[PDB]
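*Asks:* The structure's right below; bear with me while I get my questions together.
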Number of protein chains: 4
Amino acid sequence: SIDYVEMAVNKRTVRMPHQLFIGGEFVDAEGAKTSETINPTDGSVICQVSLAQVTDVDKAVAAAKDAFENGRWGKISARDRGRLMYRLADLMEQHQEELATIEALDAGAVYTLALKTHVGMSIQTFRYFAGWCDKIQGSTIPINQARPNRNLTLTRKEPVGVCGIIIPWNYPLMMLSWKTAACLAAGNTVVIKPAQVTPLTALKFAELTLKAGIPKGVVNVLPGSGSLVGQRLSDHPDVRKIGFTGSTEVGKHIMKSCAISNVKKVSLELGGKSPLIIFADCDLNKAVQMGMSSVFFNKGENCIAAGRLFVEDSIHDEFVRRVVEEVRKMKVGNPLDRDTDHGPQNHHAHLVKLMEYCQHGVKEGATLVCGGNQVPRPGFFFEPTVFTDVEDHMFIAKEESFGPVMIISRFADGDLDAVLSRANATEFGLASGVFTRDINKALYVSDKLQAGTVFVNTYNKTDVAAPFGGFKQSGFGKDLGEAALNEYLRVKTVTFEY
Amino acid sequence: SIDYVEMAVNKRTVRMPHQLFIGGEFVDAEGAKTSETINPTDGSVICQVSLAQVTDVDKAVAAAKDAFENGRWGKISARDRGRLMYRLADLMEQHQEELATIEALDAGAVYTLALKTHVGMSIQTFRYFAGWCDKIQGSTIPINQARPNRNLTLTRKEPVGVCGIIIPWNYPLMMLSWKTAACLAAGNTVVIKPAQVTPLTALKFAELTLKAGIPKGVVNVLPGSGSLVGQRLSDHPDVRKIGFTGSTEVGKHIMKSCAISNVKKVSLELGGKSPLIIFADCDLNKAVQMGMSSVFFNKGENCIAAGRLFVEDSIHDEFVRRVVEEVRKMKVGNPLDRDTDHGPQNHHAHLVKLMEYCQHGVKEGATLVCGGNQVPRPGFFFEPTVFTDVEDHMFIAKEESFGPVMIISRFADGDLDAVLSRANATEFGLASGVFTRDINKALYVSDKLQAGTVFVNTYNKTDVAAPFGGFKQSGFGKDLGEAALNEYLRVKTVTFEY
Amino acid sequence: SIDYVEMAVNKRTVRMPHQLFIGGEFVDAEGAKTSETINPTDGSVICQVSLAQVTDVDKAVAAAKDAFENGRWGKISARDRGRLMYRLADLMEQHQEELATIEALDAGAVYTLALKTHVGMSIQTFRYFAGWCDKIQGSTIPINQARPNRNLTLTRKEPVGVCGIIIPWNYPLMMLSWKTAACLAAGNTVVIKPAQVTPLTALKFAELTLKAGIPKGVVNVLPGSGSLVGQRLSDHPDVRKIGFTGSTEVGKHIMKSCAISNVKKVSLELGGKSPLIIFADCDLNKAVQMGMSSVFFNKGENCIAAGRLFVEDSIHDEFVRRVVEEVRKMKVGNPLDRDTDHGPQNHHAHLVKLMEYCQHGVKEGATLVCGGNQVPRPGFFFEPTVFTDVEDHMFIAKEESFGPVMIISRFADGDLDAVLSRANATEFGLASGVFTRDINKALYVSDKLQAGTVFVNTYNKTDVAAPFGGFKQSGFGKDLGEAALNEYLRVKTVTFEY
Amino acid sequence: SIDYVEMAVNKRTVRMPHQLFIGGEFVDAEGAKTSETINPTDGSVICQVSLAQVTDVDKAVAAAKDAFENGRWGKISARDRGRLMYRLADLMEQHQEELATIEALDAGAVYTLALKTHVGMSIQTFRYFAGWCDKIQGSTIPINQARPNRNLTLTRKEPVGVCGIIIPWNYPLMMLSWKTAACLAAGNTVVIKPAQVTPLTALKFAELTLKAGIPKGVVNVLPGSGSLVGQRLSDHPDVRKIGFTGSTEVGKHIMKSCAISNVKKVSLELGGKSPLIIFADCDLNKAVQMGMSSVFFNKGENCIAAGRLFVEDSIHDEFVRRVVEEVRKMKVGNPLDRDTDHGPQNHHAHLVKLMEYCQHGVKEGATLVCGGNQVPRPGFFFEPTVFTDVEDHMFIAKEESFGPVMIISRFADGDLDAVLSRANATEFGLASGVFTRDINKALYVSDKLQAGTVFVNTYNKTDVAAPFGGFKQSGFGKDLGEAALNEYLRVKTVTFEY
Ligand SMILES: Cc1cc2c(C(C)C)c(O)c(O)c(C=O)c2c(O)c1-c1c(C)cc2c(C(C)C)c(O)c(O)c(C=O)c2c1O
């Protein structure tokens, strides 16, 4: 009998769950504590959400150890687990207008992608990663056949324990499923520390599993403070695995728990500085458009998006002045409004956090080729900014903006390794990109970039079986791929003899 | 023109290298600093060995970045790399009397295994792991074939960088090669922080590569202090990977560098508490002998050896009183002496470090069924001790002895899960064992033990293609196997389109 | 608008397809030719089925070359192919009472397995082998990196062409899916030459794909004469691959087309002489029961079933006299009748074909310990026969019975290699078996048997990811496993350079 | 005490073995039968070689079943087998002047490649394929873990039996080793039916194994008649495997034994019609030279060499008239003579067999742009011929020449699929080629060619780890690669339970 302040918004009764779903039920935090959520389109508040404490971390990793151990999920055969996980996708996509508008409402994400991605892109990873439940294998090798005896082996892939779930702030709901598939499938159960700014898409998901009847205590979400609930899950002895994506900061401090508390594996992701090295030889009509889609996607709140958009001289002002036109083409409106092409940032201070970045570089001597300050309306709409020719020593060409701020640079006509060593030199080593058509110019674009997905001639390809991770300065541990069930599952050995 | 105080010992001119082989040559430490080595058979000293400083860690990870980058090893085709690594095995096994007697002399290891293991067991892993040089593969998947375009992919396996080499103290030379194969092969070069108590087997190896002409700066060894040279390699920015085996201690403090300095992967191993659950149903003649070989091997200095030798009641005193006879059968003598069946421990205080362990349990109420104190001769020979019936709460049945101290326990006749939950409860989760013949009693021995190599009906199988690692409380990262070239090699992605 | 003589039988409207589904539709043979089907429970006929000609083999391998080339299946991306193949499993298992009762009706298979296997066992291999559609890989090696140039490679796995489908007679429907998964998945399309005695389970499957909307001309089934339709598919130039299981005869004559017509690969399976070497040490209660289930399964029409049931002396009459009781325990009734434990053979003359086998050995001097002749009822029920002690030179201990005729032999108490060389000497080298508990007696049971699945302590394990084939005298080419997509997919090479 | 008519030729005592090395010794054929060898440089004879009978095929496959079964090779551990096979490479390359000049003398091969390839290229495949002796693996999967029991598996890779060795006529010695590595390594032994025209390089190899002391009866070579010794090995029951490369003819008649005699696997290769589709965009200086090296290599006796050298219009006469100059540049001389760039064909009538091919096309209307008839000197030197513009219907543009007869065609400037469908239409589907630099023109060159090694921008790369085979009309079964030990080794299954 969970309570909801029923929100008949966007032609649908939005019920975004408030409680802390634990032990089979949604419940409040310590003493009926709470934590609100913000309407980023206006700065408004939406509703009340309980915010757990260190009172709860004693409860989640002990109550979600029920599903792991005793009930249905702990032991049911390989089929119905996926077959139950698969039925989730049956209910969920039916209610995309729930997860579309909600994530259109929670994190202000535009409705146009709120339908395609914010439910659709989740519908895929439910069914692609619900695959390997009854399909995962041993691989068991030729042990020493010890004469005069006869030997054997069979290693295997086994679940680990209980896991940590730190969804980032930017992509709240869809990046729940991207970490609700590779975690549950490996045999274990989950306990989620969502983003509390937009936790209402996250908490909305588990209610469907309620009807969907997954074994009790298999999935439990947990809003909370920044580094208490995270740390309290970051140090508990019971927890076995840990999922997070966010700043570069939290890890080097959170990764000191893992040197101490319980040596359990770690899974952290950091934002990046993808250099999108556009030559001019590619089709200039698409060198700008998908180039313009390369950065300004989903109002700039893109995880890997390339904020250093190199261009050859021959098309720069061309690419600029055309893109300069394209910077004007966008729509700023209600994300649930179909025509909306640009919405507000996630949060209030962050629009500040982006603007000074603009202000930083502009003071350096940066060609503020448009905007750079807040769109003059409630919420935190920001003017899509376009710098120019900013070299590396400046502060804008090193910091992660976290905004739709196209921050160009430039090089010599046809350069391969030098300026791309201005694409190679950034320590944020997540993504990359390139455009080209003569691929005697894509033979040296993708070999040498020490990046984690060394694209060529495209970008923006959020698709389920693209196995993904990051290199040095944005984490380790791969998501959205087969290795996702490479670490999540523990390797046993055996060694018989007769 | 390296200098050696030529040691014509054991019918052979022992030249154990003293210097710090860097930049292509063996050289001394800071200001001609040194660090001695101990003769564990007598407590004597052998010779002088320079001990590097933080002056050197600026030199190794910058000079061994030469082989990686510019010379032969950085770029030569896949064949001659193994073909050069393979020629190493041509020279080395010819001089087993070098690495046999030396390791018979350095770490006091008996000659009987000094020939079979301390060179022979190294001769294997040179040639089994010199295999995959020109044999390692991509595995490149079906990317979204994006209509109306046509797509592709090809991931790959790439070297990482420069690595850290902390050979443990116990198995000095052979465990060099076990980490001189999986490291060099992946494309990178190596820099070795050996055990300085017995660094003279370690430093002896690289001289053969000198004749063997491996590319310069590919292999460089480095004696040094405990946690300076280790830490100074534990924090440098240049270093990319790190190899160590030793105490459980150093990691939880060393693993705080990896949360900070440069996030590079880690590879650490800790000693263990393998419960060797001998039923009586196995052949009692071999239930004792290989059981007796299960612990007392190479004078107790065994990395995974089972120091909790469970036995059913029916054979306990039988297994005891027979093994009690077998505890007497052993030889204590010069390890290079063929008849020697038991030598001294590694080091002086450690024989203390083992004896109080004996003294600890005996004060608890432990049946000191023999010995327990130092063999009355120079060096640090120790009397093979046999306790009995020691339950878990005591200090001996929880601590790692690090000695040939057979520390029994006991259970009910035919028990499967309970007493093996006294085999399951220890957090040192490296090895295991079991004996049995009716393998309706090996169906529940090996499934449930949360250990890393869940043996059945044998033990002691140091062989090259037995892929090995540890579980929770002794590290993470697998050695001596195919996954050894699973982490050492970085995964790239590509994504074309036409 | 396919026609069906609607059969409201077994509480369900059996529509078993009659036509020759080609070019997208079910259609009749040459000139409206036909070929009937037999009710094996009674000798009755069920309905009319067109029987194609050499008029059709010009049509199938030219019309099913449509799906391969132009329509949806030829080019759709990796996902929906499985996603369309997966939706097949959505419809099909819903109508198990169709494929259960039909195969309960077509081939007289008992309903008890008609539900579990004759639809259930097909439901698995739809979903396990619908896996590898979007999951199959290249594996692309280190080509000579030719200095002063720079090289590469990427091999791949590609579909072959059009294939040949000869389902055997015994397991009509379920062995359709076992060859409807590994064939379709590799990129190609299929054309089926089913068993015309029981083609009504086979032809029933493709109607569901009609609703299931697989690309046109991807699947086409074809009843026909014995060695015309088979030969006419055995010699056509267009056909690229060929699937068949049946007698040892047809191949050595059919394999002369492959030396001539078009050199395309071949896939043939032959029945076998699995020696099921039961020691007595195994649990005698299960040494008989699963031993009795080892032969008499699905009324003896078992593909690999062990018809030489060795036993130690100590239990022979015991195992006999108990099994002698068990030979009486069985039910002979309507296969769709739940209590039915034994049904008729497939066909009329075959019950003859089995009885003389009985008659053969009995004339030799065989202890006809029960029955041996026809059950006195319509259809062709046969009395479960049990011989004894028949040695090898006789005709029964060499011929394939193709019946539930438990044909024992015997040996010395505890013999390992000699009598098992009466298990080793038979050239039918498909299966094997053994029972044992002390597995110092399963150390020499399974090493030396030159068989294709060298079982120990079980049998009867028809499961999807058990990769299966045969050795010398029963074919070559493996089914029900990963190598199934090892041959079906052609290996390309490439070799770049820059 | 083998006899040799000692030939102190080429500054070295050529001992080419005459006998039939069987049962450990070299011996003569039936009744001291013989079979000569021809000096192709002059038509001269070299010496006497016994030619076995069907008297011998009773001896080889029974005497070489000794090594397989009883002696050293049957059972010695994995190391020394390669270690003995590896020592072969120690002796053999030392005597390259033996195998260089001999093959310079036997098959008239030029000394320039007689050193690099005819011993050097053999020295590689001895050591690359002597690798996998002690390195080959199981791969043993997750069998149904059948609750309430606990299951396992371990498949493996096992030797097959005795094999058939039909070295072709063209590349006599080096193609011995290419089939002396993948055969011996898999556990079995070998019996060689070499080319009797040039059997003196072949028979020369096994003498070194005599000193090299491989286990007796592991290797036995056998000169003989065309289709008796081949057929007599083609039908024997004992033989298990079969190796041959030669005409397209012998197989479709020899492959009728395999449908009958003993169903054992088959390995046959046929010559090809590689279309070497040179665009003009590639460097025209190398478009001719390596193009000219693409066909005229080792005096035209090239197994896969592209005898249909397409060219764009823009460079045709250019490529022609320059290559026309290059057709003149070559040297015709003694193959052991260093300056020799062109030698005679293998045999007397074959130079006829090539000339009428010239005569065939020239009568069709072919531009005989040079030569076309015999070089006017003893032996069978042939004038390097260059046709032009010959379209497909003619006889020269369909037949395999088997000569250095550059037989051009032509197309439209920049054509991709049409004229390459004159590269795609030939049913000889072994090799291919292409030149290009803008690899928007190598994106459609290599995808669609139904060939077995779909080259781009190079050719002529005989290297050991290039896994090789053929497509439809030149055989099946891959050589010089990892799959070479994919078929040669039989797959076992096991299936335990507890
Ligand atoms: C991967 C693939 C899947 C296809 C499928 C799926 C959905 C089953 C079809 O259904 C289908 O109809 C296809 C036919 O078009 C088809 C197809 O062509 C390819 C393909 C492609 C796109 C490019 C290749 C290249 C490029 C660099 C040009 C190679 O270099 C190369 O070597 C290849 C070979 O491996 C190679 C190749 O196989």
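Residue numbering in chain C adheres to Swiss-Prot, whereby the residues present occupy positions 405-902 in order.
Recorded method is electron microscopy, 6.3 Å.
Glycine too: its Cβ is placed from the backbone N, Cα and C atoms.
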*Asks:* Which of the listed residues, C:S526, C:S631, C:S671, has Swiss-Prot annotated as phosphoserine?
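*Replies:* Record says C:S631.
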*Asks:* Scan C:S629, C:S661, C:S836 for the residue that Swiss-Prot records as phosphoserine.
*Replies:* C:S629
*Asks:* Can you check which of C:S454, C:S825, C:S850 Swiss-Prot annotates as phosphoserine?
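*Replies:* Candidates were C:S454, C:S825, C:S850; Swiss-Prot attaches phosphoserine to C:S825.
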*Asks:* When the Cα-Cα distance from C:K882 (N6-acetyllysine) is computed for each of the recorded positions C:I571, C:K597, C:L632, C:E673, C:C707, which gives the smallest value?
*Replies:* C:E673
*Asks:* Could you tally the C-beta atoms, other than its own, that fall within 10 angstroms of the C-beta of C:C707 (active site, proton donor)?
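*Replies:* Neighbour count, Cβ to Cβ under the 10 Å cut-off: 22.
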*Asks:* With a CB cutoff of 8 A to chain D, go through the recorded positions C:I571, C:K597, C:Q635, C:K882 and name the hits, or write none.
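*Replies:* Qualifying residues, whose Cβ lies under 8 Å from chain D: C:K882.
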*Asks:* Would you please pick out, from the recorded positions C:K597, C:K882, the one with the fewest other Cβ atoms within 10 Å of its Cβ?
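*Replies:* If we count Cβ atoms within 10 Å for the recorded positions C:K597, C:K882, the smallest count is at C:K882.
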*Asks:* May I ask for the distance between C:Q600 (NADP(+) binding site) and C:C707 (active site, proton donor), taken between their Cα atoms and rounded to an integer number of Å?
*Replies:* 18
*Asks:* Return the count of C-beta atoms lying within 10 angstroms of the C-beta of C:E673 (active site, proton acceptor), excluding that atom itself.
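*Replies:* Neighbour count, Cβ to Cβ under the 10 Å cut-off: 26.
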*Asks:* Any same-chain residues 6+ apart from C:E804 (NADP(+) binding site) with CB under 8 Å of its CB? Would you list them in sequence order, or say none?
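*Replies:* Listed in sequence order, they are C:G675, C:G676, C:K677, C:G711, C:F832.
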*Asks:* Per 10 Å Cβ neighbour count, which of the binding-site residues C:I571, C:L632 ranks highest?
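*Replies:* The residue with the most neighbouring Cβ atoms within 10 Å is C:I571.
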*Asks:* Mind checking which of C:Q600, C:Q635 has the fewest other CB atoms within 10 A of its CB? They're the binding-site residues.
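*Replies:* Ranked by other Cβ atoms within 10 Å, the binding-site residues C:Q600, C:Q635 bottom out at C:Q635.
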*Asks:* Three-state secondary structure of C:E804 (NADP(+) binding site) from DSSP?
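*Replies:* Looking at the DSSP assignment, C:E804 (NADP(+) binding site) belongs to neither helix nor strand, so coil.
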*Asks:* Between the Cα atoms of C:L632 (NADP(+) binding site) and C:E673 (active site, proton acceptor), what distance do you get, rounded to the nearest Å?
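*Replies:* Rounded to a whole number, the Cα-Cα distance is 19 Å.
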